[PDB]
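J.: Model the structure of this input:
(2 chains, ligands or ions: 2)
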There are 2 protein chains.
Amino acid sequence: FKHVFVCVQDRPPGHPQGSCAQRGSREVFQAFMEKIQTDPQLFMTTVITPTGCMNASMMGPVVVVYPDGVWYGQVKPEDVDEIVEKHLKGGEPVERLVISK
Amino acid sequence: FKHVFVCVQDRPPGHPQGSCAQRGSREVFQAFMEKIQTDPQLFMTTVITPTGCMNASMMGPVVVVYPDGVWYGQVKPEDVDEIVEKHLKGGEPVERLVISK
Ligand code: FES
Ligand code: FES
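T.: Numbering: from 1, shown residues only, chains lettered A, B, ... in the order given. Ligands and ions are numbered 1, 2, ... in the order given. Dropping the coordinates below:
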């Protein structure tokens, strides 16, 4: 079982740190949701949860995978397939996007 | 390090499963936030994150603690202190409220 948390927080335009939604994170969340179901293997072992700010906004979109404890930053919708394949199915975090383990 | 996720999802009244917010979970979230921000031994090591539905709504309010992977249900605001003391600090999940590990 893996639990994927995607920050979907939006902020008003003057917020210094911006927001993950402004940086494309709702499209990230959507891309995870489109995968996790059109894939039987993902669907029965993976949960995708939208969240408010996880306090790393300037490095967003922020995606966290538990129980592994892998924090990703700068995630694009185009990166969701690699995270699904390599990490959620393969067990190997996508090193280039990691901001914390 | 502990990461607490509190479902704060609301739903319209016809939704069969209801919602964590209708079951008091925004007050649960607020209680966790107040506690962590005012406890010198948690404020540097604990994150409290609000979420959308985590697919256990009839057991709400749903609270999940990672990386432990402890799922709580039926959490009242009045139970937050016990979870903070016994689990977040003490390392012993509040057995009575656990719905999954
Ligand atoms: S808005 Fe996403 S981590 Fe702050
Ligand atoms: S509304 Fe909270 S788990 Fe579904």
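J.: show me where chain A has helices.
T.: A:25-38, A:40-43, A:80-82 (DSSP state H).
J.: any idea how far the most centrally placed residue in chain A lies from residue A:36?
T.: The geometric centre of chain A, computed from its C-alpha atoms, lies nearest to residue A:63 (Cα atoms, centre = their mean), at 2.9 Å. For residue A:63, the distance to residue A:36 equals 13 Å [Cβ to Cβ, to the nearest Å]. (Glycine included, C-beta is placed from N, CA and C.)
J.: Write out the residues of chain A neighbouring chain B.
T.: A:1, A:3, A:5, A:8, A:47, A:49-55, A:64, A:66-69 (Cβ under 8 Å from any Cβ of the partner chain).
J.: Ligand 1 versus the residue sitting furthest away from the middle of chain A, what's the distance?
T.: Farthest-out residue of chain A from its mean C-alpha position, per Cα atoms, centre = their mean: residue A:14, at 24.3 Å. Distance of residue A:14 to ligand 1, given as Cβ to the nearest ligand atom, to the nearest Å: 14 Å.
J.: Check residue A:10 too.
T.: Per Cβ to the nearest ligand atom, residue A:10 is found 8 Å from ligand 1.
J.: got it, and residue A:67?
T.: For residue A:67, the distance to ligand 1 - Cβ to the nearest ligand atom - is 20 Å.
J.: Wait, that residue touches residue B:69, no?
T.: Yes - between residue A:67 and residue B:69 there is a contact under Cβ atoms under 8 Å: 5.1 Å.
J.: Surely residue A:80 and residue A:31 touch.
T.: Yes - using Cβ under 8 Å, residue A:80 is in contact with residue A:31, at 3.9 Å.
J.: coming back round to it: quick one: contacts for the residue nearest to the centre of chain A?
T.: A:4-7, A:28, A:71-73, A:75, A:83 (Cβ atoms under 8 Å, 6 or more residues apart in numbering or on different chains).
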